[PDB]
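Quick notes on the structure that follows.
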Amino acid sequence: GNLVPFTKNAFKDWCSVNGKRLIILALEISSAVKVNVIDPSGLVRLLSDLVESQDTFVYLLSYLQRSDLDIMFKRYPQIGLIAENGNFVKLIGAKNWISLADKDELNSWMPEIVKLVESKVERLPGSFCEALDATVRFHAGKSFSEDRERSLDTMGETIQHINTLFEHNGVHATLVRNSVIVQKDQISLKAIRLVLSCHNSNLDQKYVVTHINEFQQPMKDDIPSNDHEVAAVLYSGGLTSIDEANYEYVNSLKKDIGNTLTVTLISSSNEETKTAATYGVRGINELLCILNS
């Protein structure tokens, strides 16, 4: 609420560089007929000028699984995709997904996580389990209205249970809205770093896949190649803990990239919530109109 408003001038200033521009948009995409939600065709339409620019690369960061995103954006190859918050990446123009998630890790831990969450569901009527390929989400569902206190208690209990058992694997549970999400530590940061590296150092997919262990390493270890092909990076999101980690990371890139900009969607009322984003916008249409200017 106390952030400087995102404007066309601030955006155009950010664009004022010699080199590639990387834009990562963490948006809730829905094909349904929250209020800051948009459909695939609307997103592409509202950014038609932005994407048609030759030096600009736009990526969607989404919690959705690969198969849902492929259905949504099959007709729109101009948009890069990052699925399940970073576990999978489809570079612009690519036919195949890159798995940042390690399949042996998935095969080993996902069934245990799902079983654990399902056992919580049994003891909390109205709740349900959503299992994707590399993430698990425990939804309070109707249990939240039946008894919000019991629901929150059970979710907090579940967070402690999962973190105690899986933290050593680099896996954590977090409370997001009225659900618990289980994911790989800093996987969104690692995906952003991977996408940035590809466009910054001109990596082809085969190199990335062959050297995927390097992109799976902790965010601490970072020495970028001589290339500065990308001269500007922008991240837009909301006000979640995961967004915050992304804002802080993109903000920190100012030492390596040149121009960086972070902007968050704000509303009435999450105005008092703290954020590391530099700028704020009050709606998705306003955000996209600025980015397309």
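FYI, nothing fancy with the structure tokens labels: chains A, B, ... in order, residues from 1 per chain, ligands from 1 as they appear.
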
Please return, as a PyMOL selection string, all residues of segment 71-162 of chain A that DSSP assigns to alpha helix (DSSP H) on the basis of the backbone. chain A and resi 71-73+103-123+143-146+148-162

Given only C-alpha atoms, how would the per-residue table for segment 159-273 of chain A near segment 12-36 of chain A read, listing every residue at most 7 Å away with its closest atom pair and distance in Å to one decimal, sorted by chain and number, as a Markdown table?
| residue | atom | partner | partner_atom | distance |
| --- | --- | --- | --- | --- |
| A:229 | CA | A:19 | CA | 5.7 |
| A:230 | CA | A:20 | CA | 4.3 |
| A:231 | CA | A:19 | CA | 5.1 |
| A:232 | CA | A:21 | CA | 4.8 |
| A:233 | CA | A:22 | CA | 4.7 |
| A:234 | CA | A:23 | CA | 4.8 |
| A:235 | CA | A:24 | CA | 4.8 |
| A:236 | CA | A:25 | CA | 5.0 |
| A:237 | CA | A:26 | CA | 4.7 |
| A:259 | CA | A:14 | CA | 6.0 |

By how many Å are atom CA of residue 157 of chain A and atom CA of residue 245 of chain A apart?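 Separation of atom CA of residue 157 of chain A and atom CA of residue 245 of chain A: 24.0 Å.
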
For residue 97 of chain A, find every residue with an atom within 12 Å (counting only C-alpha atoms), except residues of its own chain fewer than 2 positions away, and show them as a ChimeraX atom specification. /A:65-67,69-70,80-84,86-95,99-101,205-206,208-209

Mind dumping the selected residues with N, CA and C atoms as a PDB file, in the first residue's frame?
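Final output, saved to selection_10.pdb:
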ATOM      1  N   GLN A  65      -0.166 -28.058 -13.167  1.00  0.00           N
ATOM      2  CA  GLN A  65       0.633 -29.141 -13.707  1.00  0.00           C
ATOM      3  C   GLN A  65       0.820 -28.986 -15.210  1.00  0.00           C
ATOM      4  N   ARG A  66       1.845 -29.659 -15.725  1.00  0.00           N
ATOM      5  CA  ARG A  66       2.215 -29.562 -17.129  1.00  0.00           C
ATOM      6  C   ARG A  66       1.029 -29.796 -18.052  1.00  0.00           C
ATOM      7  N   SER A  67       0.288 -30.868 -17.798  1.00  0.00           N
ATOM      8  CA  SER A  67      -0.796 -31.253 -18.696  1.00  0.00           C
ATOM      9  C   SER A  67      -1.890 -30.183 -18.783  1.00  0.00           C
ATOM     10  N   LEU A  69      -1.388 -26.883 -18.277  1.00  0.00           N
ATOM     11  CA  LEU A  69      -0.802 -25.754 -18.980  1.00  0.00           C
ATOM     12  C   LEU A  69      -0.680 -26.013 -20.478  1.00  0.00           C
ATOM     13  N   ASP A  70      -0.343 -27.243 -20.851  1.00  0.00           N
ATOM     14  CA  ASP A  70      -0.236 -27.596 -22.267  1.00  0.00           C
ATOM     15  C   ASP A  70      -1.597 -27.465 -22.955  1.00  0.00           C
ATOM     16  N   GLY A  80       6.489 -18.561 -22.652  1.00  0.00           N
ATOM     17  CA  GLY A  80       7.222 -19.584 -21.932  1.00  0.00           C
ATOM     18  C   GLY A  80       6.417 -20.045 -20.730  1.00  0.00           C
ATOM     19  N   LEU A  81       6.598 -21.304 -20.347  1.00  0.00           N
ATOM     20  CA  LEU A  81       5.838 -21.867 -19.240  1.00  0.00           C
ATOM     21  C   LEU A  81       6.726 -22.436 -18.151  1.00  0.00           C
ATOM     22  N   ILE A  82       6.373 -22.133 -16.908  1.00  0.00           N
ATOM     23  CA  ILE A  82       7.011 -22.759 -15.756  1.00  0.00           C
ATOM     24  C   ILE A  82       5.894 -23.397 -14.927  1.00  0.00           C
ATOM     25  N   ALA A  83       5.912 -24.725 -14.822  1.00  0.00           N
ATOM     26  CA  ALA A  83       4.819 -25.472 -14.199  1.00  0.00           C
ATOM     27  C   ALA A  83       5.161 -25.935 -12.790  1.00  0.00           C
ATOM     28  N   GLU A  84       4.119 -26.142 -11.986  1.00  0.00           N
ATOM     29  CA  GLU A  84       4.242 -26.551 -10.583  1.00  0.00           C
ATOM     30  C   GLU A  84       5.296 -25.727  -9.857  1.00  0.00           C
ATOM     31  N   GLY A  86       7.875 -24.218 -10.686  1.00  0.00           N
ATOM     32  CA  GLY A  86       9.286 -24.305 -11.012  1.00  0.00           C
ATOM     33  C   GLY A  86       9.821 -25.697 -11.290  1.00  0.00           C
ATOM     34  N   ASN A  87       9.054 -26.728 -10.949  1.00  0.00           N
ATOM     35  CA  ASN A  87       9.530 -28.102 -11.133  1.00  0.00           C
ATOM     36  C   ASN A  87       9.729 -28.474 -12.601  1.00  0.00           C
ATOM     37  N   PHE A  88       9.001 -27.803 -13.486  1.00  0.00           N
ATOM     38  CA  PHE A  88       9.078 -28.081 -14.921  1.00  0.00           C
ATOM     39  C   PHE A  88       9.083 -26.796 -15.726  1.00  0.00           C
ATOM     40  N   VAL A  89       9.901 -26.755 -16.774  1.00  0.00           N
ATOM     41  CA  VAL A  89      10.056 -25.559 -17.592  1.00  0.00           C
ATOM     42  C   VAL A  89       9.910 -25.901 -19.065  1.00  0.00           C
ATOM     43  N   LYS A  90       9.052 -25.162 -19.763  1.00  0.00           N
ATOM     44  CA  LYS A  90       8.992 -25.266 -21.215  1.00  0.00           C
ATOM     45  C   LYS A  90       9.448 -23.932 -21.808  1.00  0.00           C
ATOM     46  N   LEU A  91      10.694 -23.920 -22.271  1.00  0.00           N
ATOM     47  CA  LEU A  91      11.286 -22.743 -22.887  1.00  0.00           C
ATOM     48  C   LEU A  91      10.503 -22.338 -24.123  1.00  0.00           C
ATOM     49  N   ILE A  92      10.539 -21.053 -24.449  1.00  0.00           N
ATOM     50  CA  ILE A  92       9.810 -20.545 -25.607  1.00  0.00           C
ATOM     51  C   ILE A  92      10.262 -21.273 -26.873  1.00  0.00           C
ATOM     52  N   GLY A  93       9.299 -21.826 -27.607  1.00  0.00           N
ATOM     53  CA  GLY A  93       9.590 -22.554 -28.831  1.00  0.00           C
ATOM     54  C   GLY A  93       9.868 -24.038 -28.645  1.00  0.00           C
ATOM     55  N   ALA A  94       9.998 -24.477 -27.396  1.00  0.00           N
ATOM     56  CA  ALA A  94      10.338 -25.874 -27.111  1.00  0.00           C
ATOM     57  C   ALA A  94       9.115 -26.778 -27.177  1.00  0.00           C
ATOM     58  N   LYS A  95       9.308 -27.996 -27.676  1.00  0.00           N
ATOM     59  CA  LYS A  95       8.227 -28.976 -27.743  1.00  0.00           C
ATOM     60  C   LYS A  95       8.122 -29.768 -26.445  1.00  0.00           C
ATOM     61  N   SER A  99      12.666 -31.114 -16.928  1.00  0.00           N
ATOM     62  CA  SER A  99      12.367 -31.467 -15.550  1.00  0.00           C
ATOM     63  C   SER A  99      13.489 -30.991 -14.632  1.00  0.00           C
ATOM     64  N   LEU A 100      13.243 -29.880 -13.950  1.00  0.00           N
ATOM     65  CA  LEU A 100      14.143 -29.419 -12.909  1.00  0.00           C
ATOM     66  C   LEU A 100      14.015 -30.341 -11.700  1.00  0.00           C
ATOM     67  N   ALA A 101      12.790 -30.809 -11.452  1.00  0.00           N
ATOM     68  CA  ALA A 101      12.548 -31.850 -10.466  1.00  0.00           C
ATOM     69  C   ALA A 101      13.313 -33.104 -10.875  1.00  0.00           C
ATOM     70  N   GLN A 205      18.499 -26.510 -25.114  1.00  0.00           N
ATOM     71  CA  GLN A 205      17.830 -27.403 -24.183  1.00  0.00           C
ATOM     72  C   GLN A 205      18.670 -28.619 -23.837  1.00  0.00           C
ATOM     73  N   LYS A 206      19.332 -29.183 -24.843  1.00  0.00           N
ATOM     74  CA  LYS A 206      20.138 -30.380 -24.634  1.00  0.00           C
ATOM     75  C   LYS A 206      21.236 -30.124 -23.611  1.00  0.00           C
ATOM     76  N   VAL A 208      21.126 -27.849 -21.166  1.00  0.00           N
ATOM     77  CA  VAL A 208      20.457 -27.705 -19.881  1.00  0.00           C
ATOM     78  C   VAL A 208      20.088 -29.067 -19.292  1.00  0.00           C
ATOM     79  N   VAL A 209      19.488 -29.925 -20.112  1.00  0.00           N
ATOM     80  CA  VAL A 209      19.088 -31.250 -19.652  1.00  0.00           C
ATOM     81  C   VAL A 209      20.310 -32.064 -19.224  1.00  0.00           C
TER      82      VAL A 209
END

Long-range neighbours of residue 214 of chain A as a list in words, 12 Å cut-off, only C-alpha atoms, 5 positions minimum in chain: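 Neighbouring residues, sequence-local ones excluded: residues 100, 190, 191, 193, 194, 197, 207, 208, 209, 219, 220, 221, 222, 223 and 224 of chain A.
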
Hey, what's within 10 Å of segment 130-143 of chain A if we count only C-alpha atoms and toss same-chain stuff fewer than 3 positions away? As a PyMOL selection string, please? chain A and resi 63-66+83-88+99+101-103+105-107+109-111+113-114+117-118+120-121+124-127+146-152+154-155+158-159+171+173-184

Keeping C-alpha atoms for every residue in the selection just given, could you write it to a file as a PDB file, in the first residue's frame?
ATOM      1  CA  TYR A  63       1.291 -23.781  -9.778  1.00  0.00           C
ATOM      2  CA  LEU A  64      -0.579 -25.796 -12.405  1.00  0.00           C
ATOM      3  CA  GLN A  65       0.633 -29.141 -13.707  1.00  0.00           C
ATOM      4  CA  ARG A  66       2.215 -29.562 -17.129  1.00  0.00           C
ATOM      5  CA  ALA A  83       4.819 -25.472 -14.199  1.00  0.00           C
ATOM      6  CA  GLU A  84       4.242 -26.551 -10.583  1.00  0.00           C
ATOM      7  CA  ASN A  85       5.995 -23.426  -9.358  1.00  0.00           C
ATOM      8  CA  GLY A  86       9.286 -24.305 -11.012  1.00  0.00           C
ATOM      9  CA  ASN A  87       9.530 -28.102 -11.133  1.00  0.00           C
ATOM     10  CA  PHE A  88       9.078 -28.081 -14.921  1.00  0.00           C
ATOM     11  CA  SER A  99      12.367 -31.467 -15.550  1.00  0.00           C
ATOM     12  CA  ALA A 101      12.548 -31.850 -10.466  1.00  0.00           C
ATOM     13  CA  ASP A 102      14.589 -35.044 -10.143  1.00  0.00           C
ATOM     14  CA  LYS A 103      12.452 -38.035 -11.100  1.00  0.00           C
ATOM     15  CA  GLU A 105      13.430 -37.866  -5.872  1.00  0.00           C
ATOM     16  CA  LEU A 106       9.810 -37.727  -7.056  1.00  0.00           C
ATOM     17  CA  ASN A 107       9.501 -41.512  -7.243  1.00  0.00           C
ATOM     18  CA  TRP A 109       9.166 -39.036  -1.804  1.00  0.00           C
ATOM     19  CA  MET A 110       5.882 -38.174  -3.543  1.00  0.00           C
ATOM     20  CA  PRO A 111       4.110 -41.456  -2.649  1.00  0.00           C
ATOM     21  CA  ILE A 113       3.912 -37.387   1.016  1.00  0.00           C
ATOM     22  CA  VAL A 114       0.603 -38.242  -0.666  1.00  0.00           C
ATOM     23  CA  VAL A 117      -1.683 -36.060   3.392  1.00  0.00           C
ATOM     24  CA  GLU A 118      -4.424 -38.583   2.602  1.00  0.00           C
ATOM     25  CA  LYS A 120      -4.953 -36.272   7.382  1.00  0.00           C
ATOM     26  CA  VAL A 121      -7.888 -35.973   4.990  1.00  0.00           C
ATOM     27  CA  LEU A 124     -10.650 -34.036   8.829  1.00  0.00           C
ATOM     28  CA  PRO A 125     -13.968 -34.327   6.932  1.00  0.00           C
ATOM     29  CA  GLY A 126     -14.444 -31.754   4.186  1.00  0.00           C
ATOM     30  CA  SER A 127     -10.729 -31.584   3.449  1.00  0.00           C
ATOM     31  CA  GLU A 146     -17.334 -26.372   9.641  1.00  0.00           C
ATOM     32  CA  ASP A 147     -14.703 -25.379  12.217  1.00  0.00           C
ATOM     33  CA  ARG A 148     -11.991 -22.913  11.205  1.00  0.00           C
ATOM     34  CA  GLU A 149     -10.067 -23.490  14.440  1.00  0.00           C
ATOM     35  CA  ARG A 150      -9.952 -27.275  14.049  1.00  0.00           C
ATOM     36  CA  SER A 151      -9.015 -26.864  10.391  1.00  0.00           C
ATOM     37  CA  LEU A 152      -6.128 -24.459  11.058  1.00  0.00           C
ATOM     38  CA  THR A 154      -4.927 -29.739  11.714  1.00  0.00           C
ATOM     39  CA  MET A 155      -3.095 -27.899   8.926  1.00  0.00           C
ATOM     40  CA  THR A 158       0.406 -31.377   9.276  1.00  0.00           C
ATOM     41  CA  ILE A 159       3.019 -28.740   8.464  1.00  0.00           C
ATOM     42  CA  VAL A 171      11.223 -30.441   1.068  1.00  0.00           C
ATOM     43  CA  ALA A 173       5.208 -27.713   3.812  1.00  0.00           C
ATOM     44  CA  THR A 174       3.853 -24.154   3.954  1.00  0.00           C
ATOM     45  CA  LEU A 175       0.477 -22.631   4.812  1.00  0.00           C
ATOM     46  CA  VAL A 176      -0.890 -20.723   1.836  1.00  0.00           C
ATOM     47  CA  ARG A 177      -4.384 -19.290   2.259  1.00  0.00           C
ATOM     48  CA  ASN A 178      -6.502 -22.220   3.412  1.00  0.00           C
ATOM     49  CA  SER A 179      -4.194 -24.984   2.255  1.00  0.00           C
ATOM     50  CA  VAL A 180      -0.861 -26.646   2.918  1.00  0.00           C
ATOM     51  CA  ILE A 181       1.470 -26.844  -0.074  1.00  0.00           C
ATOM     52  CA  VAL A 182       4.369 -29.303  -0.108  1.00  0.00           C
ATOM     53  CA  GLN A 183       7.232 -28.473  -2.483  1.00  0.00           C
ATOM     54  CA  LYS A 184      10.962 -28.633  -3.103  1.00  0.00           C
TER      55      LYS A 184
END

Taking a cut-off of 12 Å and counting only C-alpha atoms, can you build a table that, for each residue of segment 163-210 of chain A near segment 58-61 of chain A, reports the nearest atom pair and how far apart they are in Å (one decimal), sorted by chain then residue number, as JSON lines?
{"residue": "A:187", "atom": "CA", "partner": "A:61", "partner_atom": "CA", "distance": 11.4}
{"residue": "A:188", "atom": "CA", "partner": "A:61", "partner_atom": "CA", "distance": 8.2}
{"residue": "A:189", "atom": "CA", "partner": "A:61", "partner_atom": "CA", "distance": 10.8}
{"residue": "A:191", "atom": "CA", "partner": "A:61", "partner_atom": "CA", "distance": 9.2}
{"residue": "A:192", "atom": "CA", "partner": "A:61", "partner_atom": "CA", "distance": 8.9}
{"residue": "A:194", "atom": "CA", "partner": "A:59", "partner_atom": "CA", "distance": 12.0}
{"residue": "A:195", "atom": "CA", "partner": "A:59", "partner_atom": "CA", "distance": 8.6}
{"residue": "A:196", "atom": "CA", "partner": "A:59", "partner_atom": "CA", "distance": 10.4}
{"residue": "A:199", "atom": "CA", "partner": "A:58", "partner_atom": "CA", "distance": 11.1}

Please produce an output containing N, CA and C atoms for each residue in the selection, written as an mmCIF file, in the first residue's frame.
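Final output, selection-v4.cif:
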data_model
loop_
_atom_site.group_PDB
_atom_site.id
_atom_site.type_symbol
_atom_site.label_atom_id
_atom_site.label_comp_id
_atom_site.auth_asym_id
_atom_site.auth_seq_id
_atom_site.Cartn_x
_atom_site.Cartn_y
_atom_site.Cartn_z
ATOM 1 N N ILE A 187 12.364 -24.029 -5.311
ATOM 2 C CA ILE A 187 12.261 -24.545 -6.672
ATOM 3 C C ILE A 187 11.873 -23.419 -7.653
ATOM 4 N N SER A 188 11.115 -22.425 -7.197
ATOM 5 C CA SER A 188 10.761 -21.303 -8.077
ATOM 6 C C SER A 188 11.994 -20.459 -8.381
ATOM 7 N N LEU A 189 12.855 -20.294 -7.381
ATOM 8 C CA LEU A 189 14.102 -19.553 -7.572
ATOM 9 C C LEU A 189 14.999 -20.270 -8.567
ATOM 10 N N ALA A 191 14.084 -22.321 -10.923
ATOM 11 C CA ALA A 191 13.498 -22.240 -12.257
ATOM 12 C C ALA A 191 13.763 -20.882 -12.899
ATOM 13 N N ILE A 192 13.631 -19.817 -12.116
ATOM 14 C CA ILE A 192 13.903 -18.482 -12.622
ATOM 15 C C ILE A 192 15.368 -18.394 -13.049
ATOM 16 N N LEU A 194 17.263 -20.835 -13.988
ATOM 17 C CA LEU A 194 17.423 -21.654 -15.188
ATOM 18 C C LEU A 194 16.971 -20.910 -16.447
ATOM 19 N N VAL A 195 15.777 -20.329 -16.397
ATOM 20 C CA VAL A 195 15.263 -19.577 -17.538
ATOM 21 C C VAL A 195 16.170 -18.391 -17.854
ATOM 22 N N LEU A 196 16.569 -17.662 -16.819
ATOM 23 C CA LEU A 196 17.490 -16.544 -16.996
ATOM 24 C C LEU A 196 18.799 -17.008 -17.644
ATOM 25 N N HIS A 199 18.479 -17.752 -21.536
ATOM 26 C CA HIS A 199 18.436 -16.589 -22.399
ATOM 27 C C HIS A 199 19.672 -15.706 -22.220
#

Check which residues of segment 48-157 of chain A sit at most 12 Å from segment 271-292 of chain A using only C-alpha atoms, and return one row each with the closest pair of atoms and their distance in Å to one decimal, ordered by chain and rising number, as a tab-separated table.
residue	atom	partner	partner_atom	distance
A:48	CA	A:292	CA	7.1
A:49	CA	A:292	CA	5.7
A:50	CA	A:292	CA	4.8
A:51	CA	A:292	CA	8.2
A:52	CA	A:292	CA	10.0
A:53	CA	A:292	CA	10.1
A:56	CA	A:291	CA	11.1
A:58	CA	A:291	CA	10.3
